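*Asks:* Shown below is the structure under consideration.
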Amino acid sequence: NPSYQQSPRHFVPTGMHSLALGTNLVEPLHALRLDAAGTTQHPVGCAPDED
Amino acid sequence: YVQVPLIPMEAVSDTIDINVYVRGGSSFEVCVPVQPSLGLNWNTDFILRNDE
Amino acid sequence: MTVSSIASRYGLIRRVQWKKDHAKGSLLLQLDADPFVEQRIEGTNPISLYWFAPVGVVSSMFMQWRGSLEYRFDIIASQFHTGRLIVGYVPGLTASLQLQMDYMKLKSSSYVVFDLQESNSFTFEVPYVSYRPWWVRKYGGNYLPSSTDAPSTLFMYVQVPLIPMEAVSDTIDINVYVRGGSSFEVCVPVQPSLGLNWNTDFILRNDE
Amino acid sequence: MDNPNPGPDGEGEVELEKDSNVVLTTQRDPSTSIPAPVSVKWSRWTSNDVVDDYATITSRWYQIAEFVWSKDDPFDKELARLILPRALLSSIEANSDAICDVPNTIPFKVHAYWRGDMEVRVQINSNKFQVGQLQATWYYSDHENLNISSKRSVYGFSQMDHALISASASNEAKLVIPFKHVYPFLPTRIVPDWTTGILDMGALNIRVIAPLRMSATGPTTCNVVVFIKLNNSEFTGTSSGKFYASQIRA
Amino acid sequence: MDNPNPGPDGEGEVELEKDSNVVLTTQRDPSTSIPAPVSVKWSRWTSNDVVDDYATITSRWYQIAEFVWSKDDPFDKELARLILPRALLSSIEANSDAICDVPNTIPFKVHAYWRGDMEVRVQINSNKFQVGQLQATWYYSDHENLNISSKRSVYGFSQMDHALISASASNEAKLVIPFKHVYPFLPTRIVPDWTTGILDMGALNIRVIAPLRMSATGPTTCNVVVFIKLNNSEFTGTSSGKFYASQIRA
Amino acid sequence: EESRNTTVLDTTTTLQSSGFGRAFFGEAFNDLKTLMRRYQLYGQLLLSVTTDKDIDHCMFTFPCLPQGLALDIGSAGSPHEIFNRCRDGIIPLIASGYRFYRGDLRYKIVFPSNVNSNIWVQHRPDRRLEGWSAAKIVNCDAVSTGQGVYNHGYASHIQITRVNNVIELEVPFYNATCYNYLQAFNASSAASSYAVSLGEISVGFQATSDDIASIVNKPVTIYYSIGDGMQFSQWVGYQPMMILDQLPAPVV
Amino acid sequence: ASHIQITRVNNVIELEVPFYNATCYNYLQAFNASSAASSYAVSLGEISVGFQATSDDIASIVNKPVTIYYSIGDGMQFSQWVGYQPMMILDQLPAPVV
């Protein structure tokens, strides 16, 4: 046990992430998935034809 | 079904038991974890909540 | 500050009166083979204080222990006392089998026969034989279950009785010291089974 | 292929299994079932006493069960719930003599603790015309479980690995049982921290999956004999034989 | 030379003799006497059974005799005629329990024949002021001789090699007895061609050469304890323990 | 033999393996150890104060084991509807199929939010489990032994309810065994009871008897997962199951 | 040296009380104060905790528990080995008989 005696951070709380922002922004969440790196996947016949 | 009926000899029995075992095959796989449809027999007590 | 440096210190735990008129099978001690070897003070307090070896106090803060103990027997004699005594070790005696012992049942287990002629001190290193890699503490907190007796018992009989000369005394004191051996070790830190004598006041909470 | 030429010597090949001074032969290939890999020795961790396996006497085979399996036994039917480190001793005490009378079990009389593997051969002597099937299943620590009284059926022991003893083939059931108990040693006698349930690693239990079937004049009975070897053993805690008490009769 | 500095630890050096789990110590150097060179194994010639020495249990020491040697015992006086492969068993049966209760002697209960050497330590606990002397002598096959009843004196056993146990020095008597019987194995039980005189290799007998001498207020008694090791053994002929009968009481 | 396979009379072609849902859902479900680390409701209790509690007095206790507690449906009038209706969950449904375990457990006890008082949590590995009866959450009565109080040397943690009313734990494998028992437990041997639960966690409030009234009949829910060291060892087949959607509906 | 814990943020203040004695080391058994300067060498100091409440908010403070903990903080070095005193065994203490 080294004692950490340096001064700690000094923030602002906010209750919620941004509702407005949607592009360049890693949005943290609580996934109801079982894998933390899991993302829904699109196989060769489930492919998105329309951008 | 029974394609050709059983032809036992007169010294062996007329009846035969057939055991049927189930295994998930080499290609068997399950995915989404949900509430189990089964419960244990460790406590089989169940309480009916009738409103009477 | 280190368990293997506190437990590696002999603490006096027993004073044994070995006389001339002891026969060739008389029991001198039957103390247990755990670090919680006991010497009670004959005091007038309502709660009795107790002496422990340092291996017992440092082993009382831990749930489990294992390893060899080391008993040093100092047979305080001149070079004109001749005697001989078994210090044996029975692995696995429950309390119902604690009686019906003699030195002949002791010789079937591990034992050590010591010749008191000139050198008058020896260290019997008590083996650790159990079914369990560790061993749960004897006393525990103030909680009457989880109170597990010792893995095994240490005995000390009189193999050949004492033959003193007519100029030396008929009686001999034997001091018995306990040390955690080279293989002694304790693991899980739980509530100590011991309290200090610095405040021996105790308040009974009866509901009357 | 397929050239039957029996003689006075018989037809097939006989395989052996030799131990110290016990050779027991089977015509048929065994249906081996090994519930766990082979156990490590583990006297380093909990024993300073002199430890030695008595492999010239303990690794012999010894009959611990024989029972008639008639056709009157129904489908879901126990035939023998053998508690195998106990059943080696309780079979001897069922022979109305002490443990020290048999070469296989004299270190149980002396030593206090035991850890070792167990070979089990559940041999059958059924006719070729009889039809039926046993299973021999090893359950680790039966009596440390309370819902095993509902598990104890042929549907529940078919899920774990087990041997099958068909009465047509007169099959033999090899069964290699390594030591997996909670504690790495089983005491042979009343030890300070447990007195009840001594030397209980688990239960070999032999249910019926198909009962015996035959004609009206067919051979009704069928004898089954169980042998046990105690091969990779070790005994520790040399103690007096007067602290060993007799096993519970069961 | 000659610098006495005793302490709390005592003065002299203590020598040990460790076996399986038995360590027994002597302050004094032994008076070893070895009547024959060490015997060869000899299971090749007369045994096809599985032969194994149980050296983790049989090579332990075990007390087989203790006796008070008073000054009332005269000059030509037997103190113990121990028949040593028997006395290891008859001491246990003199402790009012069976042979299978002791770790040293369980293969005598099982096996039929025995060949091995025997270590004997005849330890004494006399005072330094007592004056007297024993001799411990091994005679091969005492009871197969009929004029030994006249040989059995201190003049006759001083001629063969023997140990001397002086009561002044509190001396210890090591005694290495290899196997020399007529037949290369001693049966532990009643065997088809001899029933009488079982497991009798010979007699350790402990006569008195000088009685105890002392003052009027000196220590009268003197305890002597005999230990036996069974080191280079081998047991053959695995048999039932129910054919082993108890030894003759003697 | 069990998994022998004499004559595979295969009519099938090759089926494309999805990787246990890796190809479709972006995640594999083959390893059942990582499904066991989803938190399951362990217990559920209403805080019932019986006698006048001191600051040291433990509010409730529970033996800590992956087998699931002795399942409390509840009283015949008021049943706990999850353990009545949704029998046993997942972790003792998988641990029902094994015999031994060696590993740790996690707990994440969730406290009521009406209370504010500081909460201590003891892990007590000394405690033996005397049978499957009273292998459950024990609302503690008046103190007779050291079971009923805060103790010194045992590993503890104090959650401040005012900051966050959830304490998250990692209960280590402090047994002297190779591995512990995993089915239901009848306590045959006297030392076998040292080898079922990892220990015995006791949760207690530091409130006096004036703040003890806001604590009364508030729910405390406990969770658990198996914490990355858990290794269930010996394969033992499952017992008779009960099918849940055949349980009777509460007829009006 | 002081510190002010805000109870509204978190009601626990965590400290590190330094060795500010003019000694080589301090006494560690129970202490009878023979010498008058020996009493400067037992405790590290004397911590005082106080609330900033007036006498109207002092009524919510009354008979609320305050529990203190301690550990030894990585610089603690107990020096001279002295054997233990007579201990008392805890599970021999009497049970509160109903």
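Values in this text are rule-based calculations from the coordinates and carry no lab data. Cβ: placed from backbone, ideal geometry, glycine included. Neighbour counts: every protein chain shown.
*Asks:* How large is ³J(HN,Hα), in whole Hz, for each residue of region C:192-208 in order, when computed from phi with the Karplus curve 6.51 cos²θ - 1.76 cosθ + 1.60 and θ = phi - 60°, using x for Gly and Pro?
*Replies:* Each residue of region C:192-208 in turn: x, 7, 10, x, 7, 8, 6, 8, 8, 6, 9, 10, 6, 9, 7, 8, 6 Hz.
*Asks:* Continuing with this model, one more query. Please report the equivalent ellipsoid semi-axes of region E:108-190, computed as sqrt(5 x eigenvalue) of the Cα gyration tensor, largest first, in whole Å. List each step's numbers first, then the result.
*Replies:* Values: eigenvalues 176, 64, 20 Å².
Whole-Å semi-axes of the equivalent ellipsoid: 30, 18, 10.
*Asks:* So in the protein assembly as shown, which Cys have no other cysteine's beta-carbon sitting under 4.7 angstrom from theirs?
*Replies:* A:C46, B:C31, C:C187, D:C222, E:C222, F:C58, F:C64, F:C86, F:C140, F:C178, G:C24, each lacking another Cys Cβ under 4.7 Å.
*Asks:* What percent of all Cα-Cα pairs in the protein assembly as shown falls in each 10 Å bin, counting up from 0?
*Replies:* 2, 8, 13, 17, 17, 15, 12, 9, 5, 2, 1, 0, 0
*Asks:* On to the next question. If you bin the C-alpha pair distances of region F:141-252 every 10 Å from 0, what whole percents do you get?
*Replies:* 8, 27, 31, 23, 11, 0
*Asks:* Kirkwood Rh, Cα Rg: Rg to Rh for chain C?
*Replies:* Result for chain C is an Rg/Rh of 1.01.
*Asks:* Follow-up question, since we're still on this one. Residues of region F:235-249 with amide nitrogen under 19 Å from the 7 Å Cα-to-Cβ point of D:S153?
*Replies:* Hits in region F:235-249 for D:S153 at 19 Å: F:236-247.
*Asks:* Further question: Looking only at D:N127, D:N231, D:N145, which one moves most when chain D is put into a Gaussian network model with springs between Cα atoms under 10 Å?
*Replies:* The residue with the greatest mean-square fluctuation here is D:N145.
*Asks:* If the reach is capped at under 29 angstrom between alpha carbons, list the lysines near F:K53, excluding any in the same chain fewer than eight residues apart.
*Replies:* Straight-distance partners of F:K53: F:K108, F:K136, F:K218, G:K64.
*Asks:* Which ordering of E:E234, F:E168 is given by a fewest-first count of other beta-carbon atoms within 10 Å?
*Replies:* With the sparsest Cβ surroundings first, the list reads F:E168, E:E234.
*Asks:* Distances in nm, one decimal, shortest first, from D:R249 to the same residue in every other copy, taking the label point 7 angstrom along Cα→Cβ.
*Replies:* Result, one decimal in nm: 3.4.
*Asks:* Give me D for chain E in µm² s⁻¹, whole number, from Stokes-Einstein with Rh from the Kirkwood sum over alpha-carbon pairs, 20 °C and 1.002 mPa s.
*Replies:* On the way: Rh = 19.4 Å.
Roughly 110 µm²/s, to the nearest whole number.
*Asks:* Considering only the other residues whose Cβ falls under 12 Å of the Cβ of C:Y128, what net charge follows from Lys and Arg at +1 and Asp and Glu at -1?
*Replies:* So the surrounding residues net to -2.
*Asks:* Distances from E:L16 to the same position in the other copies: list them in nm, one decimal, shortest first, using label points 7 Å from Cα along Cα→Cβ.
*Replies:* Shortest to longest, the spacings are 4.5 nm.
*Asks:* Now for a separate question. Quick one: what do you get for chain F if you divide its Cα Rg by 2.2 N^0.38 Å? Let's see the in-between values first.
*Replies:* Values: Rg = 21.1 Å, N = 252, 2.2 N^0.38 = 18.0 Å.
For chain F, the normalised Cα radius of gyration is 1.17.
*Asks:* Could you list C:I172, D:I248 in order of exposure, starting from the residue whose Cβ has the fewest other Cβ atoms within 10 Å? Before the final figure, lay out each step's value.
*Replies:* On the way: C:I172 21, D:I248 12.
Fewest-to-most ranking of C:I172, D:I248: D:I248, C:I172.
*Asks:* What is the order of E:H111, E:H162, fewest Cβ neighbours within 10 Å to most? Display every interim value, and only then the final one.
*Replies:* Details: E:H111 26, E:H162 23.
Lowest to highest Cβ neighbour count: E:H162, E:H111.
*Asks:* Could you go through region D:55-69 in sequence order and give the Karplus-derived ³J(HN,Hα) for each residue, using 6.51 cos²θ - 1.76 cosθ + 1.60 with θ = phi - 60°, rounded to whole Hz, and x for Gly and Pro?
*Replies:* Running phi through 6.51 cos²θ - 1.76 cosθ + 1.60 with θ = phi - 60° gives 6, 6, 10, 7, 7, 7, 7, 8, 5, 10, 7, 9, 8, 6, 10 Hz.
*Asks:* Which residue fluctuates the most in chain F, going by a Gaussian network model with Cα springs under 10 Å, if the choices are F:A28, F:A95, F:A191?
*Replies:* Maximum among the listed residues: F:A28.
*Asks:* What does DSSP give for the protein assembly as shown in terms of the percent of beta bridges that are antiparallel, rounded to the nearest 5?
*Replies:* Bridges in the protein assembly as shown that DSSP calls antiparallel: roughly 95 percent.
*Asks:* Here is a follow-up. Sorting check: for A:21-30, F:12-21, which peptide has the highest mean count of neighbouring beta carbons within 10 Å, and how do the rest follow?
*Replies:* Sorting A:21-30, F:12-21 by mean packing, highest first, produces F:12-21, A:21-30.
*Asks:* Sum up the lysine pairs in chain E that clear both bars: alpha-carbon distance under 21 Å and a spacing of 8 or more or different chains.
*Replies:* Going through chain E pair by pair, I get 12.
*Asks:* Let me ask something else about it. Tell me which residues come under 5 Å, amide H to amide H, from E:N171 once H is placed; ignore anything under 5 positions away on its chain.
*Replies:* E:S166
*Asks:* For chain E, set up a Gaussian network in which alpha carbons nearer than 10 Å are linked by springs, and say which option among E:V176, E:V51, E:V14 fluctuates the most.
*Replies:* E:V14
*Asks:* Which whole-Hz couplings ³J(HN,Hα) result when phi for each residue of region F:124-136 is put into the Karplus expression 6.51 cos²θ - 1.76 cosθ + 1.60, θ = phi - 60°, listed in order with x for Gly and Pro?
*Replies:* Here the 3J(HN,Hα) series is 10, x, 5, 7, 8, 9, 8, x, 5, 5, 6, 9, 8 Hz.
*Asks:* Note down the net charge around E:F157, summing +1 for each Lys or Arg and -1 for each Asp or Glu among other residues with Cβ under 10 Å from its Cβ.
*Replies:* On the way: positive: E:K151, E:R152, E:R207; negative: E:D161.
Every neighbour counted, the sum reads +2.
*Asks:* OK, next. Once both labels are modelled 7 Å past Cα along the beta-carbon direction, what's the E:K77-C:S182 spacing in nm?
*Replies:* In this crude spin-label approximation the distance works out to 4.7 nm.
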